[PDB]
Every structure is written in C-alpha cells, then in structure tokens.
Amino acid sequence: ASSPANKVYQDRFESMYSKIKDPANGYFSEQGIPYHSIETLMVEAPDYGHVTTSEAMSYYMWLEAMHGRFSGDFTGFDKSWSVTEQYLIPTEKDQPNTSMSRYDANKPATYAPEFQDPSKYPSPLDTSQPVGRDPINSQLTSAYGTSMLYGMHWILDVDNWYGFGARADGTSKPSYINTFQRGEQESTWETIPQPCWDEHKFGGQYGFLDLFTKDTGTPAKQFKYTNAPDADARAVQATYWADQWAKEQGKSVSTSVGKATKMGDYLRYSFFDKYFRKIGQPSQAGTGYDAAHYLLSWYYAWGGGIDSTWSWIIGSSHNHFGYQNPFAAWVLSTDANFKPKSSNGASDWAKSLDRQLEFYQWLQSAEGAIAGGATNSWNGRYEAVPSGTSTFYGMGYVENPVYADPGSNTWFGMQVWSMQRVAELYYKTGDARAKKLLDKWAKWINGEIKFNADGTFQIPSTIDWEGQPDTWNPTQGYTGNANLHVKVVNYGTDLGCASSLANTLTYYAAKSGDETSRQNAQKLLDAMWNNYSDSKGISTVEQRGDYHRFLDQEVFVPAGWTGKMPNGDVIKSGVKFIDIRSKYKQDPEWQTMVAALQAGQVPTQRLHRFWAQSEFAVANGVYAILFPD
C-alpha cells in the first residue's frame, strides 16, 4: 500500500486530471495525442497550437503516472506509452532499416558549418573536414537487433494542418514535420516548416532540402528526425515514479519500463559532440568516447535516403543547463529495473550523473540562479575560443546556448524545470552535491516570490546576465562565481513556471525541512487554485509581445529559390511569417489579434498549455504525497 496522502491536494490533482481528460475541453486530438495548447493561435516554440511536442508527451506520461498513484489504475500510463511509440517514435516505415543499416560508425555524418544569420543558409557540406568515430552504435545494434533509433522526434503536426501528410501523401494524420534549421538567429517566426520525409513532392524542385544544406550534386529524397533530449529524459523520470507507485500497490507497468529503458539507452547519443570531435580539442576527430561531453546536449538527429540506402547520425556540441536531468541519470545508472541492455548503458549514465552535477555547480551565479551552458563548437564551426572566455572541460561558456532570438537562458522556466530534477535526486538520495546547489538556489528564488494582498502573485519571468563563471577546476570545485550575476528583468504570473517552482520547493522542503520553501510552495498552489481556476484547468491573461511578428517578420528565402507549401502558398524572397501560413487567417482569434495590432495595442491571450496544466496537476500530487498531514 502507498502511504496516505493529503486529501485536499489529492482532490485538486483529481479535479485537474478530470478537466485535462474531459473530451469537451479539447486537450487531445481524436487519435489521443495531446496538443501543445487548446488554443490554436499560438507561437512560442512550436508555431501552431495544435502541433504536439515530445515535451507534451512526457508531461502526459507524468500526469498519468500520478493518476495511477491515486486511483490504482495504470492503464492510462501504459496508454501514454502506446501513443508515443505509435506516433512520436519513427516506425519501421518512417526510418527504413534498409537505410539505417547502411550507417557507417567510422564516418557518422558529413560536416556542415552553422551560421549566425539565416541569410547564410544553405550551409555547404564539406567532406574534407574531419568527423570522429561513433562508439555506441555497435552497442545498440547488438543489444536491440536493429539500426533504427528509439527516441522521440520532437515535433508533430497532429491534425496535418500544414498538409504534408504522412510520408508525402498529403492527407494522413499525424504528420512528421520539423522547423528550426538555420542557427541561433532563426526564431520561431523565421523558419520554413518542412516535412521530415522529403520526397520532393512539396516545396521546390528538391522539396525543402536545398534551403538548408548544399551538396555537390542533386539532393536525394531523404528522411531526417531530431530528438529533444530533455523530453526523453523526462519520460524516463516519469516512468520511474510510475514503476515505484505501481509496485507499492501490487500493480505493474513492466512493459512501459522496458520502453523507457530502451529510450534512455539511445538517449546517450546526446552525450556526443555534433561531429564526434574531441571535447576540449575541437580541431581533432574523436576516437570514440573522447568525443563524449556526457551532458544532455540540445539534440541528436538522424536521417537517411528514401530511394537509395545511406544514413547519418549527429550529436550536439551545445549544452544548456535547462536540459540536464541528474535524476534520470541516477535511475538509469543505479536502478536494476532500469538497467539498459547495452554493454555500456548503465556506466555511461553513471558518468553523466557526475558530469551533470559539476556542470550545474560550475554555472551557479553569485546569487544562486544557474547560468546558460557551454559549447564544444565555438560559433558552430569549431572556431577558436576567445582569450579570456571561461571553460568547462575545455568547452567555452555561452550565456545563451543555441538560440539568441530570444536568448535560450532569458526565460525563468529553465531554472525550475531543471532544478526540479535536482530536487528529486536530493529527496531520494540526500546527495551532498544536490544539497549545496539547492540550498543556494532556493534562498535566491524564495526572495523573488511576491504575494499581493488580493491573492495574486508574481515570480521572475525574464532574466538577464552579466559576467561569466570562473574556469572549472574539478579539484578546487565551486569558487562562488563572484563575477557571474543574474538580474531579474521583469516579473509575471506564468502558471506553468509557478507550478514547476512549487514542485521544486516541495521536494526540497520535504528533504531539508526548510519551512520557508514549504510555505511558499503551498502559498503558490493555493493562490493558483483559488484565484486562477477556470472550467478548463487554470489560466490568466498574458500579453503576447512578439505577435507583431506575425505580420512584420520577413522570412529569408535564398536568391532564385521558389516553391509552394501544400496549400498553395508561394515561398519566395520577401514573404512574411503569415504569407507561408495563410490558413492562420481562418483562426477564430485572428481578427481579434489583427484588430489589436492595428490599434497599436499588444495582443493578449488566455492560454491553456498542456504542459502547464499537467505541471499544476502534478505539483498538487507531489505536495499531497510529501506533506500528508
């Protein structure tokens, strides 16, 4: 039997679970896939409300696991895994083993430079630049008996809104698409949505391929997928709790545990430099593990030919603290039920745990907030690191890893999503490293939570940075980083971030006994329940300051390149964001948004983001379990 839980907060989880699963609320598609948000007019990471992400799927898993804990029914959790495997992990038809089996571990991919401006793309492939060796492929094919990769592609056009269909048929749903392709300055407003399976049926003469990379000959028909490591690691974290909670009740989610374990094994591809170059010596090709930074980088991607057999796989040189998950690393390296089948799976994850904790500590500012990250590829072209730039294992510090429009580390959300995992690790193991990080971080954030007399509240929203951490010396450890500072630019009432914050403070308070953290977590949960509830979960009105880009953001299209989106929209130099997504004018909220822009006002929206609703529900569940009385 599971220990008794606080009935007040358990009821709140149950109420939220009902609203999220209610068919009338519209959080899911007819195929059972959760959308990024109920509302369709939505641009922030994905550019349409009804596309889904692997992030949403991992929150769906977490939600169902918690529901299993209170209802004793885990069929919903097993269902979240079935939907994931069927729709987000490319099937045998989506990543043909005929092509994947032609992979060459000694030449994983062909080098191509990254540019700081989208106008420099397509990027030219250069076969003369060195590429290191992939040491884990043989481990995976041997353990699993296939060359296909088991990980989630990060974004999916659920209802085929863009019209690419499945494997170029234009009519099936869901539809594998990707967006970001052109570097740090390519915001969500500057992409050209493209299909993962490109047979040249849509777009230009060669589909959309030559908008991004340029080779010596004619582009081949090909498929390509991109993983979001933070989502796959969250899926493992969620499955661990589902396993623990099921066993406390004589139930089992054994089959889902096996899927999470296999996913964690392939997830190791994010531990490697993009083109397998040695960590700390970027001009040199790696010989295997010397190319592993052991952190959960921004992505690992793979692809291959559709009508001819060949394939490639790349890791990522860019690392952001917000993607790390020491808890998932702890589970995969120590729990016998989650031991990966591969020979080095568990030990690699053990190395990642130690490295991740060093990374967090190295990035901790004077105040306590965690700074951006580091890269093994300066400017995305393995350029020389400027003199005076701090390093972590030879990797140069970057304030906003991967994206600069807006900076990937200017959103407060990265703080809570990531530190929440450190709090779970601390709660379970009492790890001294996690303790030192949390004591300082929690003291910082507790001084930034503002409660108003009318029941509303505010927490940091946009943050900024000054300075850099001192160069990491593993034997010296944390120096205090006196010259690295966080600055809060503005506060807000992001319900998803506040929920993640309550979750982090709850785990931490439960282990440390810090009363200040416990009462702030409860006050946050209470304020949200009492003042922000609505018939669909919780919400508030927020300003969408970037929406002017719907109409004024020019999208770069190379000189001479012309094509068409499936609905007929012409792609050519001079198009704006809206010109290649004309179906958006049919959105119920379109006239309202345009009217605001016309009057010189900032459009506002009342949004129901799936992850935020689940975050709130899970946060109530966690509080109910850790503070029974």
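In this text, residue numbers run from 1 along the sequence as written.
- Higher average CA B factor: 119-127, of the stretches 292-300 and 119-127.
- Stretches 499-507 and 523-531 differ in mean C-alpha B factor, with the higher average recorded for 523-531.
- Based on the entry's C-alpha B-factors, the most elevated value among 274, 421, 153, 518 belongs to 518.
- Ranking 186, 554, 232, 265 by the C-alpha B-factor listed in the PDB entry places 554 at the top.
- When the modelled residues of the chain are ordered by C-alpha B-factor, residue 202 sits in the middle third.
- The deposited CA B-factor of residue 65 belongs to the middle third of values across its chain.
- Split the chain's modelled residues into thirds by C-alpha temperature factor. Residue 316 is in the lowest one.
- When the CA B factors of the chain's modelled residues are split into thirds, the value for residue 30 lands in the highest one.
- Residue 305: CA B factor in the middle third of modelled residues in this chain (values from the PDB entry).
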